[PDB]
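We begin with a single chain expressed as structure tokens, specifically the form deposited in one PDB entry.
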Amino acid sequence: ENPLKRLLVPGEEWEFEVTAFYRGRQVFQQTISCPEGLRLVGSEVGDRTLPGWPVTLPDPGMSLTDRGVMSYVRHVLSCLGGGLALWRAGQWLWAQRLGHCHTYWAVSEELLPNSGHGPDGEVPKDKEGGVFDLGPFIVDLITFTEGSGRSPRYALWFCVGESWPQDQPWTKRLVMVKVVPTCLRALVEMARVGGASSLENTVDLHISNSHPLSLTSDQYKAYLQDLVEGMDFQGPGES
């Protein structure tokens, strides 16, 4: 009876908002839904040959003037190949770099992350790599509704560099693509808005075959608690 468990029902499709930035400037945005997820590509020639919805990054000639940056971005569109794949399987979001560009990822806020101290890791090519687990996110969301914890992050940032092994793209972050599972942005909003008001709030999970839901703060909290029973959490001493 938990409406939130729909997030994990077999066949449910999440909506992914993709926003691209060249040198920190937004040059593209598209929201997609696909069972096999999506693939960030630079060319449409070999668009739908592989599984996953192809999202084509635009030629920089239509957004910037800096020739030095323009050259780099075109080199990146060139190594993309099959592309950066991102998809969901259960409570996990997986990524895999199918082309030739060294691509790095990080979970962060909705703002383009600055250099800081590096990305969370490099997206693997030989095998899939886990980049987000809904379990800990929901646990942290529950903690947020209790005031003892801040708003949990849900934005995935992918820094795409060249095929060259020496290139250190995270430093300048010239090609950045944010992917936001809109259901997670909504869950945080529901918590942020609903928690500060006694009035019933409405939530749109932005998932397939679903309608917005009006819930009181106590109902939402009880549903988050039960949703936790719908996911895996590894024990300290468990294999």
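For the two forms, the rigid core is made up of the largest set of C-alpha atoms that agree within 1.5 Å on superposition. Numbering starts at 1 and follows the sequence shown.
Keep in mind that the form deposited with a partner chain bound is missing from the display, and what follows is about it.
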item: Residue contact check: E162 to the partner chain in the entry with it bound, 4.5 Å heavy atom; value: yes
item: Close approach of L174 to the partner chain in the entry with it bound, 4.5 Å, heavy atom; value: yes
item: Contact test in the entry with it bound: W94 vs the partner chain, heavy atoms, 4.5 Å; value: no
item: Contact label in the entry with it bound: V107 to the partner chain, heavy atom within 4.5 Å; value: no
item: Core-superposed comparison between this form and the one not shown - Cα displaced by 2 angstroms or more, from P124, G118, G90, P136; value: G118
item: Exceeds or equals 2 Å, Cα of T171 between this form and the one not shown, core fit; value: yes
item: C-alpha of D47 moved at least 2 Å between this form and the one not shown on rigid core; value: yes
item: Cα displacement of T31 between this form and the one not shown reaching 2 Å, rigid core superposed; value: no
item: Outcome for the Cα pair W170, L111 in the entry with it bound, compared with this form (closer or farther; change of 3 Å or more); value: closer
item: Shift in CA distance, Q166 and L77, in the entry with it bound relative to the form shown here, given it is 3 Å or more; value: farther
